[PDB]
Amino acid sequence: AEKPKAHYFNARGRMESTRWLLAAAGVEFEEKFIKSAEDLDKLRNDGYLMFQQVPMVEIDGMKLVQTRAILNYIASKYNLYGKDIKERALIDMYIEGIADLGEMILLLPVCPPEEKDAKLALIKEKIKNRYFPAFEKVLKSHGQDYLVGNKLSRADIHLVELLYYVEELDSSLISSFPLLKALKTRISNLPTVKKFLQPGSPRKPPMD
């Protein structure tokens, strides 16, 4: 009967995409926040962390670490990973590009200050030139409401999460992609995601 338990810092970091996915799935979960280095040593010393790191999620009697391992398990368990191996391949290709873009945005605060300007420019170029056009093309190719299989999958969730982060970075970047704008609205208006986006959910704020 035990709800999934997510162990991380009280912050977005590498746990946030899991919070979105669980919420979009309608899954009830607890969080246990790491507040001290003592908290983190105790997880380690208890053997909770296969590679000594968080995020870790306790779910269905496993102690899963590695964001991709957590997410793949959630996605399959809740029917958000496509109908078969070939839909899962499209999903994977899409969401690994999202992950590549997300990683650049995620690590930007820790970019060497003398590299920061150039890096920001390069990031926005890739959004405008590489990533946003790729996803708009997928959407234009089939004219369907969802990225894959005409049904909600983790790819729609991970993409719309990413679109919120790009909006924080620069709200003009999505301007010229109306199908992306339209997906953002539809997905944000799904009861589970609409509730997640409202004040009070486990959704975490940006880092200062």
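Numbering starts at 1 and follows the sequence shown.
Mean CA B-factor, 173-181 versus 157-165: the higher value falls on 173-181. For the pair 12-20 and 185-193, the mean Cα B-factor is higher in 185-193. Annotation for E103, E136, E114, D84: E114 ranks highest, by Cα B-factor.
Taking the deposited Cα B-factors for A121, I74, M93, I127, the highest one is held by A121. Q53 sits in the middle third of its chain by CA B factor, as recorded in the PDB entry. Ranked within its chain, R68 lands in the lowest third, by CA B factor from the PDB record.
Placement of the Cα temperature factor of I34 within the chain: highest third of the modelled residues, per the deposited record. Residue-level temperature factors show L152 in the middle third of its chain, judged at the C-alpha atom.
Ranked against the other modelled residues of its chain, the C-alpha B-factor of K204 as given in the entry falls in the lowest third.
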